[PDB]
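Notes for the one structure printed next.
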There are 2 protein chains.
Amino acid sequence: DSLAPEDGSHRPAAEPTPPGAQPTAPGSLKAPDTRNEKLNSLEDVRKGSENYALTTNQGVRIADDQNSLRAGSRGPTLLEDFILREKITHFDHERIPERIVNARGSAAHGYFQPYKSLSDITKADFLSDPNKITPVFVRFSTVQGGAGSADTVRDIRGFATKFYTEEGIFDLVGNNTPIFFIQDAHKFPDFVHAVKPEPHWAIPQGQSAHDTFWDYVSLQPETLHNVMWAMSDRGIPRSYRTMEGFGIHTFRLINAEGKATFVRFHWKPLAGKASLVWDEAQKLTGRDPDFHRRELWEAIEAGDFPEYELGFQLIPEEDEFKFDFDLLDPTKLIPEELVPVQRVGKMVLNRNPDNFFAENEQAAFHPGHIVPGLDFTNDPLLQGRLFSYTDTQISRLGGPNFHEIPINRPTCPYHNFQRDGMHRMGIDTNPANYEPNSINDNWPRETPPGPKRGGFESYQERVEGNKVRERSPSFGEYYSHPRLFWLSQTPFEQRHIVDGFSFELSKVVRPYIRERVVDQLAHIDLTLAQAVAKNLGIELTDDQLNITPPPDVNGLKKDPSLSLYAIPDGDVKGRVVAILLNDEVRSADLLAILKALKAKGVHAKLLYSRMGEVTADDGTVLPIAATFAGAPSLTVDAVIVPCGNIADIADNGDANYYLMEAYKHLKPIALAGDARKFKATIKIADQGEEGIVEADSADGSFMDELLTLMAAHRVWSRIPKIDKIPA
Amino acid sequence: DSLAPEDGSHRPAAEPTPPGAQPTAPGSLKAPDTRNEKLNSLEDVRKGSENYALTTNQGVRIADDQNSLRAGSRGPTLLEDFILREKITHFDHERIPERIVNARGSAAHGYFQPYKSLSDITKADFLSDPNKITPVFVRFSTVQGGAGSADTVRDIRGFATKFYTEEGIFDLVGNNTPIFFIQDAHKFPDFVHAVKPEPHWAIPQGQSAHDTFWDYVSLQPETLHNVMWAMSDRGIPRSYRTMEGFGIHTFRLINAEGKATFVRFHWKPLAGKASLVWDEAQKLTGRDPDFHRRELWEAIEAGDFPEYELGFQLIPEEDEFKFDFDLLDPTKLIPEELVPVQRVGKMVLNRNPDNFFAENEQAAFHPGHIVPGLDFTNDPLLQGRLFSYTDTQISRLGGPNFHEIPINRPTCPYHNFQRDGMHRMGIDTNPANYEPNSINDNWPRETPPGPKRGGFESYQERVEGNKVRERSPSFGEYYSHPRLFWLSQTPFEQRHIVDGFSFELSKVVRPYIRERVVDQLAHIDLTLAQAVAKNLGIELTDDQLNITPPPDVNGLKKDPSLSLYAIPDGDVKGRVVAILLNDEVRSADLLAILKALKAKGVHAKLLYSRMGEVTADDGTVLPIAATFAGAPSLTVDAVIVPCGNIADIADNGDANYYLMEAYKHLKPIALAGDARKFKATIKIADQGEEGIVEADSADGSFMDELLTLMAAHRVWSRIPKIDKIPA
Ligand code: HEM
Ligand code: HEM
């Protein structure tokens, strides 16, 4: 009709803007100048809308899209209404099966570039030149929950990267923890069935806190390593931008000379490692189930591009057997103290999709999608994965032509003799659909392996053994890695691990399962087991107290790289601060607060007891972003309360609870002038306490102190003080 | 190996037990003696497991289900491992498209029986005889969210009942509010797209609190009536057991003499009407996203069978045009003050399914599945619905033979000339697959319509009009029903509606959309409009303040049946109380508490600061159901704190916060003896306060007070006191 407002406020500016400043929008409209080879190649399927007539799918203009065709205006709908029927039919068939695992996921476009040529160790084209840019499409995910499940659950996170290289698609399909729960792919359905919603009633969603998961864990000790990671704060990341990424399996790099080097893939978050605390994460699944999806999208819209450093742990063929653990066992990590991560390149995620369904939901990643210069190994979990993705994608994406779905298409040439299949888009003109052929002079033709642009040839690994359904004896060690992980965590991280196990085991209805898990923990570490046991009202037996701890891992009694927080790596850019306003805010405090945050790329959200505007002490009109209940402290990293008429909000339950919640979840809180009246709400001494910034105004060192706390992420020293506190 | 505990505590007793007393289980194992004709008919496909060997799907016994076949124990997996491939293939193809709408749902089996023969007004066989029982399968659902989204969201709820009648399946596919948002089915995709997650980023899940929903509502005033219901506490039911159900459309009843009677279907919850409060509901989506699913299942295992009374609003054919609203307009309700609901029958849900996916996920309901004695009307929303379910089920359930999926099969005979189609189960022996045929003597044959067991014949409604895509002018009234609903709510219900709109609209990023919705509210009721406007910092214009209120609906200024709470209908059976234990609980208090609770069929959950057991003062060993954090006050209806060693939990932050949350959410709290010291935490009253039961001990009078409060559901009088509490 012409329903947009005349000021054009319905449309977001096509420029980087902080979270909440403008309505979010499709990537190509929000950042039309952000391009890459893949993004450009999707132009052929992008469809606009402005200034076009509304039509059926056959191109017939529709005159009345408000009504069905009927006999009389109060009459029965007629079967000849082909417009109604096409519109309802398309609607009716909108859904496709969600992914069997990792159904819940958020994705974005970006680019990768290596720091230097890696031609000495791999002939992979995308790693051969620092000036060679490779477009990427990355999807981050949870594992257990459906596509409509919540983001901030306790779960492993998926981190899949589709590299659109010049010699083929390479998919690096990893997780946020360096090991997996099981050793052999044949047990994948068992493990996944155990963690997913139980079959009689389909509960619980997005949670491993139920009997079947812990039943399986209790009977399969190989799972303990990854379970330790899931129970730690690693299982509840702050953002996809602040978690590590790992390929898990040992793969191979193959150079032009034919030499194979073992490699484990790593992604280092350039924004640092950061996680939530359980109570916050759990409550956040309720207040904002799309928190991570939203955070990713808004970071990219703000220009806070998620950046990750690709790194390789490289192990020479001759050192295959030099560790206490098997390199092919996916339940074992390779300690960075033993084998350092060599920095390979940077990946920048800088554009959101246009349509979530088309690009995100239909994206298909496969660990078997490798390119010349990479190869597999006999890791028995990897081995089975190679079969699985291929197979699942035929039903999820409706046929064998899912590579023709725009997001999945290679940007490089693809030609072969494969034909037909449902939804076939490519119209082949080749006279031949077989090889060898003479009728097209055998094209397209095979290409011999070579240093560059050659055909794929598998590394000639020697195979010797009998056909057996047997686990290698080298994989039969289940407690040393869990123990190495435990010992590398800080004391507060250890507490969070104990708390994760205790909470989860409390949701296990059959007590003997709890006892059985406690017994497994006693094979890992007595302190851990005792602390969890105490929380479950379980007493360890004398035999359990005497279980000898498992050996160190190749002489290591700890590796600080396994901790989220042992080694400071805090980055404040992209974080957000809640600013609790009052009806006569000290404008000078606001100026100082907002400019200091802006200088470090920290966002702010101005909150009040209602929407609309508040007028500062000098007449400054302040637009309110959200109410205290509307945007809870769960969604921010810190809280600042400026001076002004504090009596306006002093007796406001939400405003007080805002601070109690933020205080409980170890977030920095800064109170200026009369906002110090709020100290009694959170029980802060007159003298003050580490983690609380306070002063007469927000002028001198006030913001620098607050930003130092934000750099350290959370105030871990406050843990004992939050023990009481009714919040 | 991995075997059950020696004591047999791995298996739930096959008798009715209170929630939490036993692990939940498939229905046929929990209640083997509970049967009905449909439940029995599913015996052909039920598969047991105990004492059977593990096999492939082809019946080959598996020797080693822990490993893949490889060449050497550290070698590559072989392609000939057919056991692994079948296992992984089946896993890879587990998912099927979720429902386009109402993907999140919970279902159970039961039975229905009419109170008296309704043969005078309908020839429908299932309503012909009071002693003729009809098996039912019911699915309750949310609408917007995916299958893995949370239960306690603010949304409409679906209430679909499949009646397995002797003359065919009859599906009564309704909702928990008596009207729908839109008028014509042609706009269903528009409305559903507006409320679903926005297309660029697929946010938000299970929420209408986003720009596109309010944008559509603001431009389509026909939606306002159902929006009012959604924003009220109707949008967040406490249980599927405590909400009303409605067919929404006017349908027809056809008796044996051919007389048509207009009818609107109702379901009255025999457990009464009860809803959560927003803060509680939202937080509960985080603490237990499966709350409603769990609550339904546990009520059924406990013997608290959900019971509903089928009721009919009957309007003679001659009275079609006597109201000031059109009967065929699905955005209009028929006030009970004008047309009473006649009680028709009782439906009892007494058994959970065995496998959620097979029975719930694959269940297919259709408003078009009617039987002789029923007929449609020209309601344009209903008309389009007849097309849509059939169509969507062909892709969701993979073919045209979805009626052969066990849960969907009729229990009556079904014979016809339809053949083939994907996954055809029925093997037809008829020599003929067409009619008329002489080769099978024309069987199966058509059956003339008649009083009983006749063929279906449409009521011969007179149709007169031109082929038009036009909305009836009689449907063009959008504010009188919203206003009637508003005026029928209690003052606290009105406040909750205001708060619902205020919350939702604060999440709308484009301010003009908020203003447009406020403008629409001003056409309904100025008090409502002003209350919302004030929360959004919006000022009504002089024109808006002068908008004339819509007329009353046929002289009604209110109708108390539209309120959840105006007319008391409280029923405590099946409700649950949290009991906050201490390490030296007064057994005399527990005795009196449980006795009183037991008499009213109210359950209890014993909570503590740790799991395991606590021993009362008399040596009674009490198993702990959950910790204070583990089962928040959100999950219960009231909280009781017995006396004993109160010092044990007096300074416990979670225990204090438990009471503050329950207090804020208007739940009855009862404190005995030294537990009265907890009154300080909820900063309120000295003498006493209505809603807080207190005494020197938990006695008969103490429990009578608490149970009386529980029968009123929540302590509405405490509302003014909760906005200061920091919780
Ligand atoms: C190291 C262990 C594993 C890792 C790191 C891993 C990682 C992932 C990730 C990140 C995704 C989602 C990709 C996306 O965002 O679309 C995924 C999906 C999937 N995974 Fe794996 N996974 C592992 C083990 C396995 C195993 C053992 C199997 C079966 C043999 C398996 C089968 C699947 C399937 C069927 C999907 C769905 C793919 C689709 O529908 O496109 N995964 N996995
Ligand atoms: C009075 C208005 C409506 C009511 C009360 C209603 C009710 C329901 C319910 C309760 C379900 C879920 C059934 C289950 O539990 O499986 C459902 C599903 C569905 N509804 Fe309706 N609906 C309405 C309007 C419409 C309209 C106008 C259309 C399309 C023209 C439509 C299309 C669908 C579809 C396609 C499904 C999915 C069915 C399946 O996949 O089996 N609905 N509806």
Side-chain angles (χ1 to χ4, degrees), chain A residues 70-72 74-77, chain B residues 112-132 134 161 163 165-174 178 246-267 309-323 325-330 332-336 338-345 367-383 385-386 446-465 472 474 554:
Chain A
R70 36 174 156 272
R74 289 186 77 253
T77 299
Chain B
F112 167 85
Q113 82 190 96
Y115 290 142
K116 65 176 200 193
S117 176
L118 293 185
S119 71
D120 286 348
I121 64 182
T122 176
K123 61 178 170 179
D125 186 66
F126 79 104
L127 301 167
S128 71
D129 174 353
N131 296 296
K132 268 181 83 171
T134 302
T161 304
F163 289 90
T165 92
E166 303 196 356
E167 293 187 7
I169 301 281
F170 162 48
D171 292 333
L172 199 187
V173 190
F246 302 89
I248 291 176
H249 316 293
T250 301
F251 288 80
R252 283 172 170 109
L253 291 187
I254 304 298
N255 70 11
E257 281 144 348
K259 177 178 86 161
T261 299
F262 292 115
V263 61
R264 284 206 186 181
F265 305 115
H266 291 241
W267 286 115
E309 174 171 89
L310 187 59
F312 293 166
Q313 282 177 296
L314 299 167
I315 302 195
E317 193 170 55
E318 339 53 278
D319 293 357
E320 185 174 0
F321 302 96
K322 294 187 193 164
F323 300 89
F325 53 92
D326 195 306
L327 285 190
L328 309 185
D329 180 351
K332 301 295 180 293
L333 54 78
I334 305 176
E336 293 182 43
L338 301 185
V339 177
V341 176
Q342 169 178 151
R343 304 159 223 288
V344 165
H369 297 159
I370 57 168
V371 293
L374 302 184
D375 210 336
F376 305 117
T377 64
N378 293 330
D379 175 320
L381 189 66
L382 168 59
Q383 288 278 309
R385 288 182 74 192
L386 307 180
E446 294 152 289
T447 309
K452 287 143 209 104
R453 293 277 178 297
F456 184 91
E457 173 180 281
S458 284
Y459 175 62
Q460 298 175 43
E461 174 166 33
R462 178 67 181 187
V463 176
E464 273 164 24
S472 182
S474 65
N554 285 107

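Every heavy atom of this structure was used, including side-chain atoms; hydrogens, water molecules and symmetry mates were not. In what follows, chains carry the letters A, B, and so on, assigned in the order in which the sequence lines appear, proteins first and then strands, with residues in each chain numbered from 1.
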Roughly how far, to the nearest 0.5 Å, is the [atom2] atom of [Y] from the [atom1] atom of [X]?
{"X": "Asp379(B)", "Y": "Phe262(B)", "atom1": "CG", "atom2": "CZ", "result": "11.0 Å"}
{"X": "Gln313(B)", "Y": "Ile334(B)", "atom1": "CD", "atom2": "CD1", "result": "5.0 Å"}
{"X": "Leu118(B)", "Y": "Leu253(B)", "atom1": "CG", "atom2": "CG", "result": "8.0 Å"}

Is the side chain of [X] donor-acceptor paired with the backbone N or O of [Y] at a distance under 3.5 Å, no angle test?
{"X": "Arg252(B)", "Y": "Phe376(B)", "value": "yes"}
{"X": "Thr261(B)", "Y": "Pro316(B)", "value": "no"}
{"X": "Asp171(B)", "Y": "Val173(B)", "value": "no"}
{"X": "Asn554(B)", "Y": "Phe323(B)", "value": "no"}
{"X": "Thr134(B)", "Y": "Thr165(B)", "value": "no"}
{"X": "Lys123(B)", "Y": "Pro372(B)", "value": "no"}
{"X": "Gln113(B)", "Y": "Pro130(B)", "value": "yes"}

_As a test of understanding, state which of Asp319(B), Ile315(B), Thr377(B), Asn378(B) forms a side-chain contact (heavy atoms from CB on, under 4.5 Å) with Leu327(B)._
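When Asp319(B), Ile315(B), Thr377(B), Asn378(B) are each tested with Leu327(B), the side-chain contact (heavy atoms from CB on, under 4.5 Å) holds only for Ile315(B).
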
*Mind checking whether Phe170(B) and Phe163(B) have parallel, tilted or perpendicular rings, split at 30° and 60°?*
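Correct class here is parallel.
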
*Could you label the plane-to-plane angle of the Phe112(B) and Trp267(B) rings as parallel, tilted or perpendicular, counting under 30° as parallel and over 60° as perpendicular?*
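Taking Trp267(B) first and then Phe112(B), their aromatic rings stand perpendicular (interplane angle over 60°).
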
*Considering only NZ, NE, NH1 and NH2 on the basic side and carboxylate oxygens on the acidic side, decide whether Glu320(B) and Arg74(A) come within less than 4.0 Å.*
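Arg74(A) and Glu320(B): salt-bridged.
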
*asked:* Under 4.0 Å between a side-chain nitrogen and a carboxylate oxygen: does that hold for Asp329(B) and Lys332(B)?
replied: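 Salt bridge between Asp329(B) and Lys332(B), a charged N being under 4.0 Å from a carboxylate O: yes.
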
*More than 12 non-hydrogen atoms from neighbouring residues, nucleotides or ligands closer than 6.0 Å to NZ on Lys132(B), yes or no?*
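It does: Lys132(B) NZ has more than 12 such atoms within range.
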
*So with a 6.0 Å cut-off around CD of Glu318(B), is the heavy-atom count from everything else above 12?*
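Result for CD/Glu318(B): enclosed.
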
*Looking at side-chain heavy atoms only, is the closest gap between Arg453(B) and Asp125(B) below 4.5 Å?*
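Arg453(B) vs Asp125(B): side chains touch.
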
_Sub-4.5 Å side-chain heavy-atom contact between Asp375(B) and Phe456(B)_ =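 When only atoms from C-beta onward are counted, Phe456(B) and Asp375(B) do touch, with a gap below 4.5 Å.
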
*Knowing that exactly one of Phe312(B), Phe265(B), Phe246(B) qualifies, which makes a ring-ring contact (aromatic ring centres under 6.0 Å, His included) with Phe251(B)?*
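Running ring-ring contact (aromatic ring centres under 6.0 Å, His included) over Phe312(B), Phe265(B), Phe246(B) with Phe251(B) returns exactly one hit, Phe265(B).
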
